[PDB]
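> My questions will all concern the structure given below.
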Amino acid sequence: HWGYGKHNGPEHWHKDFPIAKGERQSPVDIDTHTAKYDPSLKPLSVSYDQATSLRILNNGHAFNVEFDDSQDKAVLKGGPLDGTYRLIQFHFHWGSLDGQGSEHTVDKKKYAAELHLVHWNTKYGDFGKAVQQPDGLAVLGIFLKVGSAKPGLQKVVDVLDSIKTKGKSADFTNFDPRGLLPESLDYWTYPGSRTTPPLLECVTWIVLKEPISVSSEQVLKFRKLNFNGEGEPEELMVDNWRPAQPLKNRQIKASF
Ligand SMILES: [Hg+2]
Ligand SMILES: [Zn+2]
C-alpha cells in the first residue's frame, strides 16, 4: 500500500489514485511576489475555546489528535470561507532533518514540519459527505521552524512513546489547540486537495504566514515514531511529506 518509500512513495501514488495528477492538487510552492493581495479577504475567525480532544493515534503515516465533532465546539469561519467548519483532527508532516518536513513551501523555503488542522463544512452534516464537495474541507496550515521550545506542544510530545507503532492509540483529553497558533493570523489561500491518498480535491487551504518555533528535542521525538506495526522490522516515521505540485493556473491570494 501507499507510503513514503522508494517503492511506494509519492511518485507512485497516481497508479492507485489517478487524481494525483488532477487540476487542484496540494501542496504547492507559495511564490510571495505572484500571490494576489485581496482586500476583500475577511480576517479568520478561530473559535477553539470549547475544543474537546479525545485521543491520539498512530495511523501509519502520521499521528492524529482527534476531537469530538458532534457539535460546533471547535470551529473555523471567516477568511475565504462561507459557513462554519468543525475541527475533526490535527496532524504533522516532518522530515529526517531540520532542513525538510513541510509540504507547502514559501519562495521554495522548506520548513522543519507542517501542522494541519482539518475541518469539514457543517452544511454537509458529516466528514464523509464533506469529502464529496468542492468546498467540503478547510485545512489550516502552520509552519514549524526549529528554535525555542513551544510549551503548548509538549503534552503531545510526551504521549508519543505510548503510540509508537501503527494502530496504537491513547486517551488524549483536555488538549487545547490554541497553544499551537502563531501570534498573527495573516494567511495565503488557494483551492486544493488532501496531501495523502485519496488526495480528494475538496480543500480550501489557509496557510499561516508566521511559523511557530519548536525545540530540537521536540522535533526529535516525532522522528522516533514508527511506520510499522508492533512486531515488524522498524521503519522510522520520517519524511512523511508530499512534494510541491503544479499550481496549474490557480491563484494564490494573500490576506496581506
Ligand atoms: Hg471533493
Ligand atoms: Zn496533512
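Quick note on numbering: the sequence shown equals residues 4 to 125, 127 to 260 in PDB author numbering.
Yeah, the Cβ is synthetic: ideal placement off N, Cα and C, and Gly gets one too.
Quick one: what's got a C-beta closer than 8 angstroms to residue 53's C-beta in the same chain, skipping five residues either side?
Start at 1 with the first residue of the sequence shown, and residue 53 comes out as number 50. The residues are 76 and 77.
> If you pair each beta-carbon of the region 185-202 with each one of the region 26-33, do three or more pairs fall below 8 angstroms?
yes
> Give the straight-line distance between the Cα atoms of residue 260 and residue 127, rounded to the nearest whole angstrom.
Residue mapping note: residue 260 aligns to position 256 of the sequence shown, counting from 1. Residue mapping note: residue 127 aligns to position 123 of the sequence shown, counting from 1. The straight-line gap from Cα to Cα measures roughly 29 angstroms.
> State the CB to CB distance for the pair residue 175 and residue 58, rounded to an integer number of angstroms; the pair is presumed to be in contact (CB under 8 angstroms).
As a working note, residue 175 is residue 171 in the sequence shown. As a working note, residue 58 is residue 55 in the sequence shown. Yes, they are in contact, since the Cβ atoms of residue 175 and residue 58 sit about 6 angstroms apart, within 8 angstroms.
> Leaving out the 5 sequence neighbours to the left and right, which residues in its chain are closer than 6 angstroms to residue 113 when beta-carbon positions are compared?
Against the sequence shown, residue 113 aligns to sequence position 110. Counting only Cβ-Cβ distances below 6 angstroms, and skipping sequence neighbours, we find 103 and 105.
> Start and end of the beta strand (DSSP E) containing residue 196?
On the sequence shown, residue 196 is found 192 positions in, with the first residue counted as 1. Counting along the chain, the beta strand (DSSP E) containing residue 196 begins and ends at 191-196.
> So which of 146, 223 and 72 has the shortest CA-CA distance to residue 187?
Along the sequence shown, one-based indexing puts residue 187 at 183. In terms of Cα proximity to residue 187, the closest of 146, 223 and 72 is 146.
> Do the region 34-50 and the region 151-165 touch if we need at least three Cβ pairs shorter than 8 angstroms?
no
> Looking at the structure shown, is residue 97 part of a helix, part of a strand, or coil, going by DSSP?
Numbered from 1 along the sequence shown, position 94 holds the residue referred to as residue 97. Residue 97 falls in the strand class under three-state DSSP.
> Relative to ligand 2, is the shortest distance from any of its heavy atoms to the C-beta of residue 65 smaller than 8 angstroms?
Here residue 65 corresponds to residue number 62 of the sequence shown, with the count starting at 1. Residue 65: yes, Cβ under 8 angstroms from ligand 2.
> In angstroms, rounded to a whole number, what distance separates the CA positions of residue 50 and residue 237?
Numbered from its first residue, the sequence shown carries residue 50 at position 47. Numbered from its first residue, the sequence shown carries residue 237 at position 233. Computed Cα separation, rounded: 42 angstroms.
> Helix, strand or coil for residue 142 per DSSP?
One-based indexing of the sequence shown puts residue 142 at position 138. It is a strand residue.
> Answer yes if the region 231-247 comes into contact with the region 6-23, meaning at least three C-beta pairs across the two stretches below 8 angstroms, and no otherwise.
The region 6-23, when compared against the region 231-247, does touch it at the 8 angstroms Cβ threshold.
> Residues near ligand 2, CB to any non-hydrogen atom under 6 angstroms, in chain order?
94, 96, 119 and 199
> On a CA-only basis, which of 117, 100 and 101 is nearest residue 108? Give me that one, please.
Within the sequence shown, the letter at position 105 stands for residue 108. The option with the nearest alpha carbon to residue 108 is 117.
> State whether the region 79-93 contacts the region 163-172, with contact taken as three or more CB pairs (one from each stretch) at a distance under 8 angstroms.
no
> Sorted by chain position, which residues of the same chain lie with C-beta nearer than 6 angstroms to residue 212's C-beta, five sequence neighbours on each side aside?
On the sequence shown, position 208 is the one that residue 212 refers to. 146, 186 and 191.
> Under the three-state reduction of DSSP, which class applies to residue 82: helix, strand or coil?
Here the question's residue 82 lines up with position 79 in the sequence shown. Coil at residue 82, not helix or strand.
> Relative to ligand 3, is the shortest distance from any of its heavy atoms to the C-beta of residue 117 smaller than 8 angstroms?
Within the structure as shown, ligand 3 is missing, the only ligands being ligand 1 and ligand 2.
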